[PDB]
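Quick note on labels: first sequence line is chain A, next is B, and so on, each numbered from 1. Whatever order the structure lists ligands and atoms in, that order sets their numbers, starting from 1. Note that these values count all heavy atoms, side chains included, but never hydrogens, waters or copies made by symmetry.
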Amino acid sequence: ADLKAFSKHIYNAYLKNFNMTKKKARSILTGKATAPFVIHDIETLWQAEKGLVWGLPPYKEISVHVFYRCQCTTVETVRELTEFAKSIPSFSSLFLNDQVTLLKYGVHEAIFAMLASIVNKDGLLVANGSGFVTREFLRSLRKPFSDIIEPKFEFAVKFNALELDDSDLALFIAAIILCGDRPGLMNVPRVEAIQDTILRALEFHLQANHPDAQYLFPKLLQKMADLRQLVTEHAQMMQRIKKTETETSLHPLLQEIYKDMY
Amino acid sequence: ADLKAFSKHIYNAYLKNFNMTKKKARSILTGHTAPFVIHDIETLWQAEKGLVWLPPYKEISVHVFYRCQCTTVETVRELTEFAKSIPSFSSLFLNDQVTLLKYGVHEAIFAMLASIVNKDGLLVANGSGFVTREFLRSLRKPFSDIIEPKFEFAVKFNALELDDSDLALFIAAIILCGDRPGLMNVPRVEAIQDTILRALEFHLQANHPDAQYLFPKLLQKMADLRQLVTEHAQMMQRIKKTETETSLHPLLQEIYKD
Ligand SMILES: Cc1cc(SCc2[se]c(-c3ccc(C(F)(F)F)cc3)nc2C)ccc1OCC(=O)O
Ligand SMILES: Cc1cc(SCc2[se]c(-c3ccc(C(F)(F)F)cc3)nc2C)ccc1OCC(=O)O
Ligand SMILES: CCCCCCO[C@@H]1O[C@H](CO)[C@@H](O)[C@H](O)[C@H]1O
Ligand SMILES: CCCCCCO[C@@H]1O[C@H](CO)[C@@H](O)[C@H](O)[C@H]1O
Ligand SMILES: [Cl-]
Ligand SMILES: [Cl-]
Ligand SMILES: [K+]
């Protein structure tokens, strides 16, 4: 494969399928020419919900409302990641069951990697950039809901230090989805071969795009391992919430993702 | 009238994605170049040598079994693309798409098989071969027994004289089935199926104005196909149990996983 044309193709599929790019997010977070409405307590969340910014279950309390907002966010991103993946060369050539296995075990890894794009150390963009929810407000939620969000900030701030751009991330995300190690995958050799092409494209891309960045490719391989561990811990927290907070609901798609994880 | 447009869209998906139409098949089966007739070991070998066209060759009945599997896998590819070319199907989450295909493809395969079948045999290799029903009956058990019920279904199904535009809606209705195990968005699939069934109802009145009771007859055929697949799966289970030297294609393993 022509690696340069391959990478540009995945870059364009990324721009076509993800509305909020890191480029757009960073210009908002630094104030380039409407600023985001800051959500930092109940009153501003309520205002944001009325129209300042923005279906869900009936409002019971702040921590559960945020928990449901998190689920709606991730379900939307699963839709975008599905369309993105279908544009990766030879992903659509897999039988549909292997496509589902790759997305099932990969979407959260990709979500938490892309989450870093819309995050700084003080909070995250919500609602296509029109809101900003502060990290301190999220810490103020009652357990178990506060504990599940903070590790993602921790990962994101370290990941953002690598200073990837959208062209890097498009290959990185593709590599996460095209993973031959997923449980129950049918055509492992084919998935392994696609991933190798993506990784060779990524290594080549980084030489060109980050010439002075030392050890960047192996650092990104380690971040992929780090994300797998982040997702394992996240899945375990979600299952504990499902067990102890019997009155809170889990979106059916997320139940299907978390079904056979442990 | 929106149903008419909806039907035309499903018909185009069918014309775009299936390798063989019933119109094409029936013209071949009624006679440039006729299909090569496979009716015994010698003619099957000639067909494999290039006259028409897998795991290492063990014996005739198992060889045919493997060709059945290859044919099925190919049709799963086509049915996947057909369903993806239906917008309301492609809007479901991918897991529901897989559930519908997992539990629907064999029903659809056996319905479409009728298109390439007459009482004497069936077309193979994109119509360039014809394998006789008598030859398939001559294979050893368990391989002869699993094929014959499909001829019996097909001859009765072909007496309804559906054309490709009818079949496109019929197959869409089979795939968009709200009753499949593990389906996530059941009400959405149910809504799509009811739209397909209403479009089919109107299509049959337009296309078969004189055919009395044709729509309920097709609903019954859908029920019959579910039973045919139940019996087929039981026979495949017995082959997995008793023919330990015969392999099963990985995709079919996933379909039959249970
Ligand atoms: C419980 C849970 C936590 C996380 S942590 C990363 C976060 Se925080 C967040 C958010 C926060 C506040 C608001 C609001 F203030 F506006 F309400 C909106 C959005 N979005 C993401 C992606 C990810 C998934 C998840 O559950 C869904 C799943 O497992 O798929
Ligand atoms: C074992 C089995 C039987 C059937 S019966 C309907 C038939 Se017959 C046939 C065929 C016959 C002869 C030849 C050759 F003589 F030319 F070699 C080629 C093709 N194809 C189909 C679809 C369907 C599935 C199945 O197993 C696969 C599964 O269950 O998925
Ligand atoms: C498009 C036709 C695919 C038919 C085989 C589906 O097979 C299914 O794939 C799922 C993974 O997607 C598995 O969870 C499930 O156990 C398996 O039976
Ligand atoms: C595209 C994202 C799909 C994530 C949910 C996958 O969910 C899976 O769907 C399969 C049916 O296809 C089931 O066999 C399996 O049990 C379920 O875990
Ligand atoms: Cl940061
Ligand atoms: Cl089945
Ligand atoms: K017939």
Side-chain angles (χ1 to χ4, degrees), chain A residues 82 85-86 92-107 182-188 191 253 255-261, chain B residues 17 22 25-26 28-30 69 72-84 89-90 92-123 130 132-133 150-162 174-175 177 179-184 225-237 240 248-258:
Chain A
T82 294
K86 288 188 163 290
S92 286
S93 81
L94 303 168
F95 283 101
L96 219 64
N97 54 315
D98 275 349
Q99 296 182 34
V100 167
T101 292
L102 291 175
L103 288 163
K104 168 178 173 175
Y105 287 102
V107 286
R182 302 305 189 189
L185 192 58
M186 186 178 65
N187 194 346
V188 178
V191 175
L253 181 70
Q255 301 181 23
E256 296 303 298
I257 293 178
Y258 291 135
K259 199 158 64 185
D260 299 312
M261 297 184 180
Chain B
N17 287 295
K22 185 173 176 180
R26 298 330 274 188
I28 293 167
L29 294 165
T30 56
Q69 292 188 51
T72 297
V73 169
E74 172 60 29
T75 305
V76 173
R77 304 192 122 100
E78 301 202 312
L79 283 159
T80 296
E81 297 309 307
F82 168 64
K84 281 161 62 185
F89 178 96
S90 270
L92 309 168
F93 282 103
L94 211 63
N95 56 315
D96 275 349
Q97 295 182 31
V98 165
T99 289
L100 294 181
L101 289 168
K102 173 181 180 182
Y103 291 101
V105 285
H106 282 92
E107 286 171 26
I109 282 155
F110 296 150
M112 294 187 298
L113 181 69
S115 297
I116 56 164
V117 158
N118 63 30
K119 69 178 184 55
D120 290 318
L122 74 96
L123 289 181
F130 177 83
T132 69
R133 185 181 186 173
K150 286 68 172 178
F151 278 98
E152 292 168 346
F153 172 89
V155 174
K156 292 184 288 192
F157 189 75
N158 285 340
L160 298 179
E161 309 207 298
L162 300 186
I174 285 165
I175 302 295
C177 178
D179 192 18
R180 308 299 194 188
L183 202 58
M184 191 175 68
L225 283 164
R226 182 167 296 189
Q227 179 62 36
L228 189 66
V229 171
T230 293
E231 292 162 10
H232 182 80
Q234 290 168 354
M235 290 188 284
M236 291 298 285
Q237 177 68 85
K240 175 181 181 174
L248 187 62
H249 186 286
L251 180 63
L252 300 182
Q253 300 183 23
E254 297 301 290
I255 290 173
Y256 288 111
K257 191 185 296 185
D258 289 312

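Atoms of ligand 3 lying under 4.0 Å from any heavy atom of A:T101, numbered from 1 in the order shown and given with element: 11 (C). Distances below 4.0 Å separate heavy atoms of B:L101 from the following atoms of ligand 3: 1 (C), 2 (C). Residue-ligand proximity, A:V100 to ligand 3, at heavy-atom distances under 4.0 Å covers atoms 12 (O). In summary, the atoms of ligand 3 found under 4.0 Å from a heavy atom of A:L96, numbered by their order in the structure, are 1 (C). For ligand 3, the atoms closer than 4.0 angstrom to any heavy atom of B:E254 are 5 (C), 7 (O), 17 (C), 18 (O). Under a 4.0 Å criterion applied to the non-hydrogen atoms of B:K102, ligand 3 contributes the atoms 18 (O).
When the salt bridge (charged side-chain N to carboxylate O under 4.0 Å, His left out) test is applied to A:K104, the partners found at least two apart in sequence or on another chain are A:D260.
Under the 3.5 Å distance criterion, the side-chain polar atoms of B:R133 are matched with a main-chain donor or acceptor of B:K119. A donor-acceptor pair is defined here as one N or O able to donate and one able to accept, closer than 3.5 Å; such a pair exists between the side chain of B:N118 and the backbone of B:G121. The closest donor-acceptor contact from the side chain of A:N187 to the backbone of A:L94 lies at 3.5 Å or more, if one exists at all. Between the side chain of B:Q69 and the main chain of B:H249, a donor-acceptor pair closer than 3.5 Å is present.
Panel detail: the K ion (ligand 7) has protein N, O or S atoms under 3.4 Å away, 1 in number.
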Would B:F153 and B:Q227 count as a side chain to side chain contact (heavy atoms under 4.5 Å, CB included) if you check the C-alpha gap in whole Å, the side-chain angles of each, and the deciding distance to 0.1 Å?
CA-CA 11 Å; B:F153 172 89; B:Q227 179 62 36; over 6 Å; no
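Of the candidates B:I255, A:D98, B:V73, B:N95, the one placing a heavy atom closest to atom 4 (C) of ligand 3 is B:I255.
What you find for B:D120 and B:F130 is that their closest heavy atoms are C-CZ, 3.8 Å. Closest heavy-atom contact between B:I116 and B:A25: CG2-CB, 3.8 Å.
Annotation: B:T80 places no N or O atom under 3.5 Å from an N or O atom of ligand 3; distance criterion only.
Using modelled atom types, one finds no donor on one side chain facing an acceptor on the other under 3.5 Å when comparing B:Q97 with B:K84.
By the definition of a contact as any protein heavy atom under 4.0 Å away, atom 14 (O) of ligand 3 is not in contact.
Between B:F110 and B:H232, the two ring planes are perpendicular [angle over 60°; tilted spans 30° to 60°].
Protein heavy atom nearest atom 16 (O) of ligand 3, with residue, atom name and distance: B:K257 NZ, 2.7 Å.
In this structure, B:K257 pairs ionically with B:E254, as a charged nitrogen and a carboxylate oxygen lie closer than 4.0 Å.
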